[PDB]
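Structure first, commentary second.
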Ligand SMILES: [Zn+2]
Ligand SMILES: [Zn+2]
Ligand SMILES: [Zn+2]
């Protein structure tokens with residue numbers, strides 16, 4: 050079916066993400082407001098409001114229910130605000146401003162590691178806010194992480223202790239892949255550079271047991287690249303094009319089982335890809 | 531703001547298990651169903667009985683469900699699993715006696731072929747269910844025989860466990876937890920004083936409750952019966968346990 | 626919406642070959658006769674004569 054909720058906003062809408070069970074709907078916007086809508090059997094009703102962040106909002110990401118009801122917001126203002134809620138009301142919990150340029154993206158970490166939140170701001174740095182407990186957080190920093198600033202961040206599925227790995231890429235079209243040593247340092251590993259000018263979004267496919275790591279990409283020049291690799295521990299990342307549209311591509315998304323990719327860019331449209339038996343990506347709708 | 535890729539007005543995204551969201555500029647958030655697109659289905663998920671004792675009953679019960687749903691390759695594969703898991707094919711410890719059913723071509727090789735095809739089709743559901751169901836001197840021979848004894852290769856246990864973890868995560872997504880326990884039941888790797924009752928005084932050894940404040944506990948059904956109608960400590964303590972035990 | 630048609634042919638051929646190696650030429654010939662054209666176009670013609678004789 051088709052479900053539609055009226056935004057009742059006054060300015061633009063930048064992102065919209067639902068909840069883990071499919072029983073909530075969050076909306077970021079440039080009105081300096083967030084309006085949480087309870088979607089259930091086709092009905093739009095309010096639950097909360099975000100009347101103030103000191104600026105427009107860019108991207109929100111829900112956290113795992115294992116740890117409760119936690120919502121994050123990275124936006125224009127240079128602040129990242131969490132919304133831990135208690136006793137049926139949504140309340141501002143904790144904020145920090147560890148940047149001197151607008152926060153670009155936030156992406157919640159896999160639940161096995163803990164409750165970690167990567168923050169790729171526009172000032173060439175990445176901050177990983179770990180939950181120390183008892184209402185305290187730790188803020189790490191890696192300065193000079195980019196020459197133009199990371200546009201967006203992504204987390205790698207967890208494998209078998224543990225080895226934390228995540229991917230990010232800036233406006234210098236030099237997408238890299240990080241790592242963490244035993245000490246605690248975020249050492250760099252590699253740097254893919256088969257991109258034209260910039261890379262807006264980066265998304266990493268979910269893992270379902272297949273020995274193959276797949277990373278998507280979308281450049282500011284029309285290109286949706288699928289950087290598959292199946293060389294176990296040989297580290298061979300071979301780009302393969304999928305298309306080249308008529309305008310800038312904005313966001314790349316994945317399925318649960320990594321069979322469908324949906325890319326929506328500057329053309330004010332959304333097209334759905336796939337992966338055919340031969341090895342070519344075709345549209346469906 | 532030099533780094534300004536500002537005018538973002540469109541976006542598509544997958545959410546939930548069976549859902550999709552997208553919005554556009556002319645602007646209400648329209649979602650859509652994609653349940654028939656992914657190889658997994660919630661409807662078939664709710665019906666898939668599993669059991670460790672009576673394997674055959676599970677296979678024949680799952681057989682009817684796919685026909686009740688519409689899928690076909692399963693109403694074949696489940697039948698093959700039923701005929702390829704009977705206790706008549708029980709292995710024998712001695713290596714002399716008979717060739718194991720694993721080394722028969724319709725044994726292990728069939729399992730590998732089905733696993734490969736459904737890996738290509740990218741359907742973690744059937745993988746999880748099939749794997750769960752199928753789960835100097837002369838001394839250095841019985842070890843190799845036990846290695847060849849099994850219908851699943853001992854050299855790829857990790858991938859099977861990964862399948863069984865992934866299906867559990869998707870089941871949690873859907874909203875079923877009992878099934879998440881049944882599936883995870885098969886995974887190999889692991890996940919003072921005062922001991923009397925208070926309503927019948929017989930020693931407790933199993934499942935129990937108590938207040939944090941009162942410190943009076945007992946059998947769980949006992950507390951169901953007691954607190955069905957009252958609000959006081961059973962041992963004359965005065966606690967309103969509905970205001971203490973719970974948060 | 627089904628399995629691909631020519632899916633199990635290789636397994637049938639391997640089962641027959643395995644049964645021939647052990648020396649049970651009784652089941653191989655019986656399966657060949659019972660099936661017929663559904664399998665006759667996959668085994669070499671110089672092997673069938675060996676089994677039959
Ligand atoms: Zn009792
Ligand atoms: Zn008491
Ligand atoms: Zn009490």
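Protein chains in written order, with the deposited numbering: chain H, 50 to 209, 223 to 347; chain D, 531 to 556, 645 to 753, 835 to 890, 919 to 974; chain C, 626 to 678. From the three backbone atoms N, C-alpha and C, an ideal C-beta is built for every residue, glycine too.
May I ask you to list, following chain order, the residues of the region 683-708 of chain D that have a beta carbon less than 9 Å from some beta carbon of chain H?
none
Assign residue 52 (chain H) to one of three DSSP states: helix, strand, or coil.
strand
Just to confirm before moving on: does the CB-CB distance between residue 203 (chain H) and residue 146 (chain H) stay below 7 Å?
no
For a test of your reading of the model: does the CB of residue 927 (chain D) fall under 6 Å from any non-hydrogen atom of ligand 4? Yes or no.
Judged by which ligands are present, ligand 4 is missing from the structure shown, whose ligands are ligand 1, ligand 2 and ligand 3.
To be precise: take each residue of the region 637-658 of chain C, compare its Cβ to all Cβ atoms of chain D, and keep it if any distance is under 7 Å. Which residues remain?
639, 640, 643
Taking the alpha carbon of residue 332 (chain H) as the reference point, which residue from D:704, D:873, D:543 has its own alpha carbon closest?
D:543
Enumerated in chain order, which unbroken segments of the beta strand (DSSP E) with a length of 3 residues or greater are wholly contained in the region 269-297 of chain H?
277-281, 286-288
Three or more C-beta pairs under 8 Å: does that hold for the region 316-336 of chain H against the region 653-665 of chain D?
yes
Interface flag, residue 293 (chain H) vs chain D, CB-CB below 7 Å
no
Status (buried if at least 16 other CB within 10 Å, exposed otherwise) for residue 743 (chain D):
buried
Helix, strand or coil: how does DSSP classify residue 255 (chain H) here?
coil
Taking residue 179 (chain H) as part of the beta strand (DSSP E), name the residues at either end of that continuous run.
175-182
Any chance the CB of residue 271 (chain H) is under 6 Å from a heavy atom of ligand 1?
no
By alpha-carbon positions, which one of H:256, H:156, H:296 ends up nearest to residue 303 (chain H)?
H:256
Collapsed DSSP secondary structure at residue 70 (chain H) in the structure displayed
coil
When the distance is taken between beta carbons, is residue 859 (chain D) closer than 7 Å to residue 924 (chain D)?
no
Measuring straight from C-alpha to C-alpha, what distance separates residue 238 (chain H) and residue 249 (chain H)?
11 Å
Using only the alpha-carbon positions, how far apart do residue 171 (chain H) and residue 326 (chain H) sit?
22 Å
Along the region 69-90 of chain H, where does the CB come closer than 9 Å to a CB of chain D? Name the residues.
69, 70, 71, 72, 74, 76, 86, 88
Closer than 6 Å to a non-hydrogen atom of ligand 3 - does that hold for the CB of residue 924 (chain D)?
no
Beta-carbon gap between residue 283 (chain H) and residue 259 (chain H) smaller than 7 Å:
yes
Any C-beta of chain D under 7 Å from that of residue 286 (chain H):
no
CA-CA distance, residue 548 (chain D) and residue 57 (chain H)?
27 Å
Between the region 694-701 of chain D and the region 710-718 of chain D, are three or more C-beta pairs nearer than 8 Å?
no
For the beta strand (DSSP E) holding residue 185 (chain H), just list the boundary residues, first then last.
185-188
Assigned exposure category for residue 124 (chain H) - 16 Cβ within 10 Å defines buried
buried
When you check each C-beta in the region 652-668 of chain D against every C-beta of chain C, which residues fall closer than 8 Å?
none
On the criterion of 16 or more Cβ atoms from any shown chain inside 10 Å, does residue 866 (chain D) qualify as buried, or is it exposed?
buried
Since residue 663 (chain C) meets chain D, which of its residues come closer than 7 Å, beta carbon to beta carbon?
Ordered by position in chain D, no residue passes the 7 Å Cβ test against residue 663 (chain C), which lies about 17 Å from the chain.
Determine the burial state of residue 77 (chain H): buried for a count of at least 16 other Cβ atoms within 10 Å of its Cβ, exposed for fewer.
buried
Where are the alpha helix (DSSP H) runs, 4 residues long or more, that stay fully inside the region 137-181 of chain H, in chain order?
none
Between which two residues does the alpha helix (DSSP H) holding residue 860 (chain D) run?
856-873
Answer with yes or no whether the minimum CB distance from residue 628 (chain C) to chain D is below 7 Å.
yes
Whose C-beta lies closer than 8 Å to the C-beta of residue 863 (chain D) among residues of the same chain, with five residues either side of it excluded?
746, 749, 750, 882, 883, 885, 886
Measure the beta-carbon distance from residue 159 (chain H) to residue 206 (chain H) and round it to whole angstroms, keeping in mind my assumption that it falls under 8 Å.
7 Å
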